[PDB]
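Chains as they are written, first to last, in full-length UniProt numbering: chain A, 1 to 104; chain B, 320 to 470; chain C, 320 to 474; chain D, 161 to 472; chain E, 4 to 209; chain F, 387 to 578; chain G, 387 to 578; chain H, 387 to 578.
Built from N, CA and C at the ideal position, the CB exists for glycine as well.
To start, the structure under review is shown below, and the notes come after it.
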Amino acid sequence: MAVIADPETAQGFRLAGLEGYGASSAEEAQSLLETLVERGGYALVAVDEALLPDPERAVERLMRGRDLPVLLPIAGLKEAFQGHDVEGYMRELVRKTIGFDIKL
Amino acid sequence: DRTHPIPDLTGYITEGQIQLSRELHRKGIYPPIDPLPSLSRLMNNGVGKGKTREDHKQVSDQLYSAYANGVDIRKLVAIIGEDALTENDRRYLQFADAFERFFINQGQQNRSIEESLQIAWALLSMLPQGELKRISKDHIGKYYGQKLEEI
Amino acid sequence: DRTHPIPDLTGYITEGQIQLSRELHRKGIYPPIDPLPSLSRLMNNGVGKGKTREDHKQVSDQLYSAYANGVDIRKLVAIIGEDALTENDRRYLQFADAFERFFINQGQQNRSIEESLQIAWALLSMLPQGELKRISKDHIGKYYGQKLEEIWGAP
Amino acid sequence: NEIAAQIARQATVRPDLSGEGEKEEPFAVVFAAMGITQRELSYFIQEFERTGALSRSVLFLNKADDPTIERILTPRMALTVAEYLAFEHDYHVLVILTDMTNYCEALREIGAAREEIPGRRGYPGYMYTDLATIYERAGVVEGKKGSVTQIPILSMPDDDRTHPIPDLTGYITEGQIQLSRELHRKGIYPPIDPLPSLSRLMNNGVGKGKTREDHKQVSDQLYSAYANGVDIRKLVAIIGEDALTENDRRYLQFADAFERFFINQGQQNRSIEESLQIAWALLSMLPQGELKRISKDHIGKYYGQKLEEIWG
Amino acid sequence: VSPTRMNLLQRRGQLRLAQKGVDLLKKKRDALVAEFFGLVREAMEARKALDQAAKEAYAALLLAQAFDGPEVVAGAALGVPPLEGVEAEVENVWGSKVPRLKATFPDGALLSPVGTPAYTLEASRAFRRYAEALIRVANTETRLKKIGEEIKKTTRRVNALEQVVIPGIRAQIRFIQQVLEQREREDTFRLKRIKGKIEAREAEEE
Amino acid sequence: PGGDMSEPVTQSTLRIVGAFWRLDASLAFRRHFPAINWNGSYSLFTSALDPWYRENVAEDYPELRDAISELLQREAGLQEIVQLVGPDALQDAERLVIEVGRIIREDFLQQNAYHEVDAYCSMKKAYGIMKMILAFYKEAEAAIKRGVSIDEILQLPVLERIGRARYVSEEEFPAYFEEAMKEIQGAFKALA
Amino acid sequence: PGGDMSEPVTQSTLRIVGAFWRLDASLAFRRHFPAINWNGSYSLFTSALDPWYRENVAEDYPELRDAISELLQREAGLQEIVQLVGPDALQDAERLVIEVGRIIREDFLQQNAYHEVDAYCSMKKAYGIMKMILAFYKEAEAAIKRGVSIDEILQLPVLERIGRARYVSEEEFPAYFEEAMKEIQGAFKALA
Amino acid sequence: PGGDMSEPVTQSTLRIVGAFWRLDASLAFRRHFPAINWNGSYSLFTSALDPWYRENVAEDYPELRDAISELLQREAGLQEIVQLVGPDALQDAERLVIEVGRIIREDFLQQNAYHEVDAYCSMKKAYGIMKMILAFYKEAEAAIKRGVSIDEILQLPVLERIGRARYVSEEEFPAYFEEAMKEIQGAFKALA
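So this is what it looks like as structure tokens:
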């Protein structure tokens, strides 16, 4: 299980024994994600929302036949200490899953 | 049903027919005229240079093609939903809806041929300038661009 | 074919139809009367106080609704499985089975209206008091709670 | 017409397999045409000329420009000649009747002219007896060496098997070879749809000492496998290909390969041995347990050979 | 489809089966939607827990690099080698295998989790708990997405049945009915004409 | 005419006959003989012949026949769901019904008129095959309740014995039947 | 009456005529003229005219015609899937087949009877348009196997030139065709 | 006999009559009386009767009737969403549409034929009820755009007052009417 995020959290994840790498830009984040996903053995490849919101949207072309590696957007550190609308994320996910885009 | 003997035998005699749609009527569109089942055989002998405007026939054909595409994508969407569409298909759906709302639906207002063609070109402007295979490049240059702002 | 001229005109002149079921017949149920497609137009006049019992109509409506739900759930279980059904759904399933086995399958017995209503209330007791939305509370309190063993012990 | 001409050109008996004495007497052909177009007539005449079969053929021609009421007599005259040849000169005749639809059309004309009460779709109620008097003149006789074989060709008006002419013909004749338009469009020749086809007398001339010991069982297994393939074709239009089990995909591939390699043979003459070899090569695509209709002795003897060894 | 009475009855049976199938699939979708909207609540809770754990672990790390020099803490953190603890087992949900990350993640697997920094050991604990929260969020989200895809499949099937299949069967029924009625009319007309001719013949010649 | 069972002759025969053996074109096309349409066929002599069956074939023969009929009816019910979503969408308990119906229709109702042995079947042989099939169904249902997958239940070797029971001679069948029953019990005990 | 092809007159004609040019109301509704249904139409003169085509149009005209027919058949086969499951579900090869079928329909089959130039078409012009379409199809298939995207292929400029080839004059067509073939090679040379 | 509308008698009648009131058993099963469906019914007299309404009931009556029809149409359109996900899931605007539809159906379209007062409704009474409902809808849209949760809107007693408008006598309705309009304006202005 690996995490591509800001270096500050990436190094902490490494301190947790998990594979990890830093990120600098959206294109760089996508390149790192593609590099990780290309190789096997990685069941979970987390990504920051700040640099690459929808990891599936980015690396769908690779794992559609080898879906073992899960992708999971991870909270942005900048927003970590000011709060982020989790409700908004699930609203987007419900829209993605059922299409209706309806809740309250 | 067209296949009834009365409409069938009338169709073989008359020079076209203006068919009415119950769906458009239920949606509140007047006059509820559905272009696809409707035809005018003697259209080409009364439109063109010196017989209205030179872009009439090509604009009509392009409208028919675009509306047919929009209807097809509307059929598809009723099965698979809107999110699964391409941008091209989305533009065609929007064109179909705007067509029904602004071109077919006119109430009791009397429209000049120029006004109708202006509205038609405004609707065609919603599509990419390269999707208009039925209109020659000269006419597309001449008229493409206006927005839906007729008053 | 219910649209054949003979059934069509007969229904167009008569006041209901009791329809026999080939599925019930080939499952061993006798008499094989399918309640769902059956109808009796004049029933509401000949049931009530002073004729049958005051709870007849509502018991009949509840039986109809419960059997319909039971059949639908019985077809759904083939796909979704029993563990994915709610408890009320499983109760409707068991109700459908018991209804077919004890209400429709009476054989050559002769049942008075009292016995039939007793069996109906015993079957309805298998559903929670609260899903019986078509019966008034007085009738429920009076008759709800019998045991199906009254008929299960001697079908 | 192409299939009829091909059968006339290629048809032969096999005394070697059946044990009969070595003999190679060819068929005589009695060709009765009713309302035949110049296109079809030119095809038939040229084909018979090319195969050198006119010297042993008698042709009764009723073109489409000729009177219609003459058709009431053409099949009868042709079958009179065929029966004479067979049962008075020990011939093996093969009668081809081009369009029985046109014959029934003439029958209906005469019926309507007489103001009779018709049956189905205006055709006379005695059409069954009439077509029986025509068709039931084939067979073999005790104490005689000749034979008469009929291969009528009739066009189902709108590909409708329930039309009166196909229905009565099927009820009178000993099977039918039914062509399909779907196979034709794909490019398969001859486009024979095995499932609706039939041959009542197949059991008489196939088996040990006649063709081979595995003929009937192989035929039945082919029918079962193809029916399963068609059913899975129907299912995949509901569920999609990705959900098919391995066995279902095996049957689907069998149906496709069967269609493209067994039915589609072009204008090539196959001996029964080659046909059974291709059939076994196709059955070899299915797992050995799937061949329920075939005995294990035959499976052991013939199962295994790959379709590639024949083509590709 | 050949126009015949039995074909008409078969088409009518197909229509009834298609309608009942639409109803059955609608009930299936209702069950799926109930489960989906339970899973949405579960996912909300999981993401909230992940947010809390992330805040705690990041606060621990920041104070790890505040009380100790950032360079030393970063070197120690990067000194911990990567390791594998997740098991990618599969769970069958609604007839579809879905990964379940049943990770063990032993604490003794890590190497050099502590050193010159004092709190860096505690920081590793918070990040291990945060990895656990991440795995929980993964387990919730994956099955949520699978339920959503199943709902999409069911809706596609229901819409197909109601917009293509049933109208087609209705059209076929109408066509066969018209054909059969036309044939009956023709037969009646022929009988009447023949009867009239016979009556005229009787009147003229007896 | 045209296979139309709505023809006047057929309808006039429906109302005057005690048994109706309707043939299906679908079965005939795939060379499944006798090709009887089970759904459309019926017999009105069944109840009147039960004492004879009890005294001559077996005391519980009517029960076995009713069980087979009920299983076929359940298969007819489940075929609708199969055509709606497919065999794989069904649960194991219902796939067992589907596959037991297939086994009945391929190993019991099928009969080869041109086979030396299978051309003729006695009431005892039919009784034995029915008892084999029902015993297998009971064991398989009990096992599926224990958690064994239907894929394994279909691969057991005893299904070959049930399939070949048709082709066993009349003199051999009484021993083959006992062997098959013992094999059924042993095979399902082996799965555990 | 009613476009019904089962009628006495049509059925009587179809037993004699050597071709069958079936017009479709569905195509006419969408303004696809000549509105001939290429699935129901047939001709019995194709085999007899092959030598003339070989000696007067091109030595490989029949093969090109068969290629166009096969592409149309594949598109018809995939339409049943697309109308229910959506275009995106299909693989890249099927998507290319469908889009090339659209190109064949709109750029080759359709013909404007009222245009000054499109009203008529020589056999050489049809051969040129067919060869352009099939060359583009081969290049697109190779590119897709080479990892290029279908969206990229669908936006190439050369598609516009293929789409306007039918509006070019008879005297100007050979030059247009040479340039178009060169550009068909070049466009997928650049994509790599 | 079967309820099919393609029957010749129904088709001939609909060709000549000016209004069609589609009684439906489905509504009666839901205890909605009169069981007239507003999605299959139609009148061809409204345009000719507009001047009479403008002179005899109110000058704006036709527009109010059209607004009620538009609301019912909108609520019909939203059914496909309410079925998959309950009313609680819908957002505030769509929930307002659903609930104004419920209010219409229950307070204007339903009519107890056995009640002393509700059995008969004058045009003035209907116009008053429609005006009340539409004013409530306008204020509620304003509130939703102001941020008031719909669960708060549905608790207002003004809805209860609109519930009983049916049952007020003709000689008493005017008072009840201007009073209730004033309280409608009061409720949403006061509500935060």
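Which residues bound the alpha helix (DSSP H) around residue i?
i        : result
A/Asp48  : Not the alpha helix (DSSP H): A/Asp48 falls in the beta strand (DSSP E), residues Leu44 to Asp48.
A/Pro73  : No alpha helix (DSSP H) contains A/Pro73, which is instead part of the beta strand (DSSP E) from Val70 to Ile74.
D/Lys305 : That residue, D/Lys305, is in no alpha helix (DSSP H); it is neither H nor E in DSSP.
D/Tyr251 : From DSSP, D/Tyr251 is part of no alpha helix (DSSP H); its letter is neither H nor E.
E/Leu183 : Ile169 to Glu208
E/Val36  : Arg8 to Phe70
Between which two residues does the beta strand (DSSP E) holding residue i run?
i                      : result
H/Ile519               : Here H/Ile519 belongs to no beta strand (DSSP E); instead the alpha helix (DSSP H) covers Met509 to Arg532.
D/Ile196               : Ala188 to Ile196
D/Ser217               : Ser217 to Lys223
residue 149 of chain D : Outside the shown range of chain D (161 to 472) lies residue 149 of chain D, about which nothing can therefore be said.
G/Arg416               : Premise fails: G/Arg416 is in no beta strand (DSSP E) and is neither H nor E.
What does the alpha-carbon distance come out to for the pair residue i and residue j?
i        : j        : result
C/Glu450 : C/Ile352 : 25 Å
H/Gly463 : H/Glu456 : 11 Å
A/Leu18  : E/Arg128 : 13 Å
E/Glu59  : H/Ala453 : 56 Å
B/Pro326 : D/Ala292 : 45 Å
D/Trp471 : F/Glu565 : 47 Å
A/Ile74  : F/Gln465 : 47 Å
D/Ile311 : E/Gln181 : 36 Å
H/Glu445 : C/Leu355 : 52 Å
D/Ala266 : D/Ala164 : 23 Å
F/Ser392 : E/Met9   : 7 Å
D/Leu177 : D/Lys370 : 6 Å
If you reduce the DSSP assignment to three classes, tell me which class residue i lands in.
i        : result
C/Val366 : coil
H/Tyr428 : strand
E/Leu114 : coil
D/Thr309 : strand
F/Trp438 : helix
A/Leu33  : helix
G/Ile454 : helix
B/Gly335 : strand
A/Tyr21  : strand
H/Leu409 : strand
Could you check how far apart the C-beta atoms of residue i and residue j are, in whole angstroms? I think they sit under 8 Å.
i        : j        : result
H/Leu458 : E/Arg32  : About 26 Å; that fails the 8 Å criterion.
F/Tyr447 : F/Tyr513 : 6 Å
C/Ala385 : C/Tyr411 : 6 Å
B/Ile423 : B/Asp408 : Incorrect: roughly 21 Å between the Cβ atoms, too far for contact.
D/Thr261 : D/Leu314 : 5 Å
E/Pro6   : E/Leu183 : 6 Å
H/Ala529 : H/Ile539 : 6 Å
D/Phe187 : D/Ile256 : Incorrect: roughly 11 Å between the Cβ atoms, too far for contact.
*Starting from the N-terminal side, write out each stretch of the alpha helix (DSSP H) that is 4 residues or longer and does not extend beyond the stretch 430-472 of chain C.*
432-443, 456-462 and 468-471
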